[PDB]
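K.L.:
Experimental structure and its sequence below.
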Amino acid sequence: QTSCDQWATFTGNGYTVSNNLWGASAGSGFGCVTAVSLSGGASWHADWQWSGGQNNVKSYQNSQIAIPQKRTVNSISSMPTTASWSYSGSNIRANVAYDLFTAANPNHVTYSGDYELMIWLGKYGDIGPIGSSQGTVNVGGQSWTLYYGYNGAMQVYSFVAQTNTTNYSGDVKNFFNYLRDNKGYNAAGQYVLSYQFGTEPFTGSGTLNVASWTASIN
Ligand SMILES: *[C@@H]1O[C@H](CO)[C@@H](O)[C@H](O)[C@H]1NC(C)=O
């Protein structure tokens, strides 16, 4: 279905599509989400138009998978995912990214945590991730510009693709493994609270079409 309501969600078959316009207050405009199909993955698209709040994210329209029982990062064997998307619009200042929160407390709220892991498959405009660049890193056979910094008490790591990656296939476990082995990330004690994919827009007008998205925890 379709909806532009601030907190609309469409759930089914282990997937949830959310408008999640948490930053609508920061500007003028709208955001709508359309869930086409949630069978064997999520096919959907987000449409929006925003002005004002130059560097304030207006929302994170996204698709995510249900996680019945939280497990530690190290205990998980693989977190495979595939994504086929495209962005159209004008003066697009936004990204396309996976978003995952982890915390030592397995019952932690799922929209935040000790850490936030982002994987930006796309980056439009002069927008910037939380923190500062830590340089280039290789994960899953692809190069990424890694960003790190605090957003309050929470630590945020953002792996930003160096070219828009519209057809992606990877294992999120590779990213956690990188942090565990290079940043002292406590993979043994951190639980994966969420596994999401969507777009954080700032200004402009755009439509993120997600022809296909799959994600799972094994
Ligand atoms: C993604 O595509 C837009 C539009 O061509 C471009 O401006 C931007 O630099 C690209 N981003 C990356 C990470 O290549």
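P.N.:
Structure received. Residues are numbered from 1 along each chain as shown.
K.L.:
three-state assignment of residue 87?
P.N.:
Each residue gets one of three states, and residue 87 gets strand by DSSP: H, G, I helix; E, B strand; the rest coil.
K.L.:
wait, doesn't it sit right on residue 95?
P.N.:
No - the pair residue 87 / residue 95 is not scored as a contact, 9.5 Å apart, by CB atoms under 8 Å. No exception for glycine: its C-beta is placed from N, CA and C like everyone else's.
K.L.:
So the two - more neighbours on which side?
P.N.:
The neighbour count for residue 87 versus residue 95, taken as other CB atoms under 10 Å, is higher for residue 95 (28 against 19).
K.L.:
ok, back up a step: anything in contact with each of residue 87 and residue 95?
P.N.:
122, 124, 199 (CB atoms under 8 Å, 6 or more residues apart in numbering).
K.L.:
residues touching the last one, list them.
P.N.:
In this case it means residue 199. 46, 60-62, 87, 94-97, 122, 206, 208.
K.L.:
out of the residues you listed, which one sits closest to residue 163?
P.N.:
Closest approach between the contacts of residue 199 and residue 163, by CB to CB: residue 122, at 9.4 Å.
K.L.:
I'd like to know how far that closest one sits from residue 45.
P.N.:
14 Å (CB to CB, to the nearest Å).
K.L.:
From the shared contacts of residue 87 and residue 95, which land in strands?
P.N.:
122, 124, 199 (DSSP state E).
K.L.:
near the ligand, from these?
P.N.:
Restricting those to those near the ligand by CB under 6 Å from any ligand atom leaves 122, 124.
K.L.:
For the residue in the chain that the ligand sits nearest to, what are phi and psi?
P.N.:
Using CB to the nearest ligand atom, the closest approach of the chain to the ligand is made by residue 164 at 3.7 Å. Phi and psi for residue 164, reported as degrees, to the nearest 10, are phi -60, psi 120.
K.L.:
Run a quick neighbour tally on it.
P.N.:
15.
K.L.:
Can you tell me the closest non-neighbouring residue to residue 98?
P.N.:
Leaving aside its chain neighbours, residue 98 sits nearest to residue 119 (4.1 Å; criterion: CB to CB, 6 or more residues apart in numbering).
K.L.:
That neighbour contacts residue 159, correct?
P.N.:
Yes - contact criterion CB under 8 Å: residue 119 and residue 159 qualify, at 4.9 Å.
K.L.:
what touches both of these two?
P.N.:
Common neighbours of residue 119 and residue 159 are listed as 144, 175 (criterion: CB under 8 Å, 6+ apart).
K.L.:
Wasn't residue 174 part of a strand?
P.N.:
No - Residue 174 is assigned helix when assessed by three-state DSSP, not a strand.
K.L.:
for the ligand, what are the nearby residues on this structure?
P.N.:
Counting by CB under 6 Å from any ligand atom, the chain sits next to the ligand at 122-124, 161, 163-164.
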